[PDB]
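# Architecture at a glance
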Amino acid sequence: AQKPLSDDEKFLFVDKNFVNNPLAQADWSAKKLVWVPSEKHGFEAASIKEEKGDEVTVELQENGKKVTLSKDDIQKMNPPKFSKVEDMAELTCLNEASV
Amino acid sequence: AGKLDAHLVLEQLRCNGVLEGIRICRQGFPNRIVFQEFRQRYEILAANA
Amino acid sequence: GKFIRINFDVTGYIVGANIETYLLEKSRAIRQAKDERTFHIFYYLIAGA
Amino acid sequence: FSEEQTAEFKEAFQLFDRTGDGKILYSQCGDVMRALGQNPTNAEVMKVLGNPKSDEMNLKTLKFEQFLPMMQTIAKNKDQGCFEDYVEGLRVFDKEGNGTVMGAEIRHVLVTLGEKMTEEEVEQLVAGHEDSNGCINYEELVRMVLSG
Amino acid sequence: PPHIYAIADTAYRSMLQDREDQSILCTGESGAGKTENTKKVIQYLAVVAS
């Protein structure tokens, strides 16, 4: 509910004046959403399918693909409320991934 | 420009100590102030404490 | 390397400035590697002359 | 306002026009009130100006007869500052009960809180009250602007 | 928002506040912009404190 930003200010200022879309606020149910390896993205979005001890099955919320990795190669994802944050020391999840 | 290599930037954040550099900011207390300057600056907040 | 030092008075104004220069790789002044150049000024001179 | 002063007020108002129509730009009102020994805050001045807008504040003009009615309206007010509290506020920036504040911290506050002043404004004010260590004694600076 | 001109002012004040000299150290591998960011810090302080 804030002022409007000049095309320029959009280069040092975050664009926050939008609708409170519940798409993301609803997708949250896929709580199993985590971060994981990627020989091209360093890490990538995906969601847990089955926790099997030291290992866990997950499907890329990207390629729709289904791959299982160790229960220690996945990294907690930060809420949509953190997109494009100002001070990393804020996101409730510190990761080589989120950061 | 506009090109951003994931891992190249992932390592830098590794050998530079960024994450850790942040843990203590969250973990510890990076701000300190001596007993005098404190009862000095913010007394106006508690006039009767 | 370069370490610039700016000096302020009590009122908070700039008044001075020092510059501590370091390891000047002047080697290259004689032979530059592949796809590299010498100290700008050289070319500047050979042209801006 | 006794005609005695009202008669002089004119002398002051008149003593305020670069060209000559006999008009004080909606802007000048403030300083003219001040010059007449008035300390109206920035709001107390706009309130009696119909809250114009920057642009029109440099176009609109004033004539004593329409100005005088304001001079008074202000003249009679509810409050005013005073050493008592005035300094009580600055003494909050006194790093260590020394009784003095750094002419830089004072210079800050004054241009970052409330009716923000200008870099020059504060300069012209404190200027000459900072000691060797650029230290100003509010108690005094207070009185200065005041009793002055 | 985070900007270089900010680090510059944050220090330049901190100095005048707790009276205790300061340093702005630009790290980063070769090319990462160690220089530019310095030219700014001076650029800013050259007007903001002059």
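Looking at the PDB entry, one finds chain D named SMOOTH MUSCLE MYOSIN ESSENTIAL LIGHT CHAIN, with Gallus gallus as its source organism. Looking at the header, the entry is titled "CRYO-EM STRUCTURE OF THE HEAVY MEROMYOSIN SUBFRAGMENT OF CHICKEN GIZZARD SMOOTH MUSCLE MYOSIN WITH REGULATORY LIGHT CHAIN IN THE DEPHOSPHORYLATED STATE. ONLY C ALPHAS PROVIDED FOR REGULATORY LIGHT CHAIN. ONLY BACKBONE ATOMS PROVIDED FOR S2 FRAGMENT".

Per the PDB entry, chain C is named SMOOTH MUSCLE MYOSIN HEAVY CHAIN, and its organism is Gallus gallus.

Opposite charge on two side chains allows them to pair when their charged atoms are near. Per the stated rule, a full pass over the model turns up 14 salt bridges over all chains. The partner of B:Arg14 in a salt bridge is A:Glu96, with the nearest N and O atoms 3.1 Å apart. Taken as a pair, B:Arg14 in helix α1 (residues 6-15) and A:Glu96 in the segment after β5 (75-76) lie in two separate chains rather than in one. In this structure B:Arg14 comes out as exposed when scored by relative accessible area, which is 55%. Note that C:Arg28 and C:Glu36 form a salt bridge whose closest N and O atoms lie 2.6 Å from each other. Residues joined in a network through salt bridges with shared partners are C:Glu25, C:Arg28 and C:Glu36.

Moving on, we come to the interface of chain E and chain C. Each partner contributes to the interface: chain E provides nine residues, whereas chain C provides seven residues. At the boundary of chain E with chain C, total buried surface from both sides reaches about 660 Å², with 80% on carbon and sulfur atoms. At the junction of chain E and chain C, the tally comes to zero salt bridges. At the junction of chain E with chain C, the criterion picks out one residue pair in polar contact. Residue assignment for the side of chain E that touches chain C shows that the elements contributing at least two residues are α1 (4-18) and α2 (36-48) of chain E. Looking at the side of chain E that touches chain C, its residues break down into six nonpolar, three polar and no charged.

About the cut-offs
Residues numbered from 1 in each chain as written, not as in the entry; some residues may be left out. Chains lettered and ligands numbered in written order. Part of a larger assembly, values for the part shown. Heavy atoms only, no water. Salt bridge = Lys/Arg side-chain N within 4 Å of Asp/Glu carboxyl O. Helix = DSSP H or I, 4+ residues; strand = E, 2+ residues; numbered from the N terminus. Buried < 20%, exposed > 50% of the residue type's maximum accessible area, 1.4 Å probe, protein only. Contact = heavy atoms within 4.5 Å. Buried area = accessible area lost by both parts, 1.4 Å probe. Polar contact = N/O pair within 3.5 Å; in protein donor to acceptor, adjacent residues only side chain to side chain. Nonpolar A, V, L, I, M, F, W, Y, C, P; charged D, E, K, R; others polar.

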